[PDB]
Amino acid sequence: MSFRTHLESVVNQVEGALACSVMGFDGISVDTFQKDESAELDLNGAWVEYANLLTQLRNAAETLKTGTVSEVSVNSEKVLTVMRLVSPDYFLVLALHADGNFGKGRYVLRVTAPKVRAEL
């Protein structure tokens, strides 16, 4: 959890950001920072779909290990995700509300991923 300052930066910078996490390909979460301060909206619908996305995220994130693939997104009606490779064992996941800033999420995760890779 040297990671956690970086995970917090992403969530603070991205409107509609629910959570930023480091996840293993073994399917075990390593670290997270979740938005606490409730947004104008009701996130509870988004949390339900976020929980329901977790199996699918880990499956799609496997494609990050190939040389060509640098970014994967697995999205529902209420939740958008962006994922990037950290190491052969770990990837970074940003979840945001469907009304959040997806373009800014993609940009902020791309800037942050090198800093997370440096904490290993």
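All residue numbers are counted from 1 along the displayed sequence.
- Comparing 38 to 46 with 80 to 88, which has the greater mean CA B-factor as deposited? Going by the record's values, the stretch with the higher mean is 38 to 46.
- Task: Determine, for stretches 29 to 37 and 47 to 55, which one has the higher mean CA B-factor as deposited.
- Result: Comparing averages over the C-alpha atoms only gives 29 to 37.
- Query: Where does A98 sit by CA temperature factor within its chain: lowest, middle or highest third?
  - Reply: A98: CA B-factor falls in the highest third of its chain.
- Quick one: classify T68 as lowest, middle or highest third of the chain based on its Cα B-factor. CA B-factor rank for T68: middle third.
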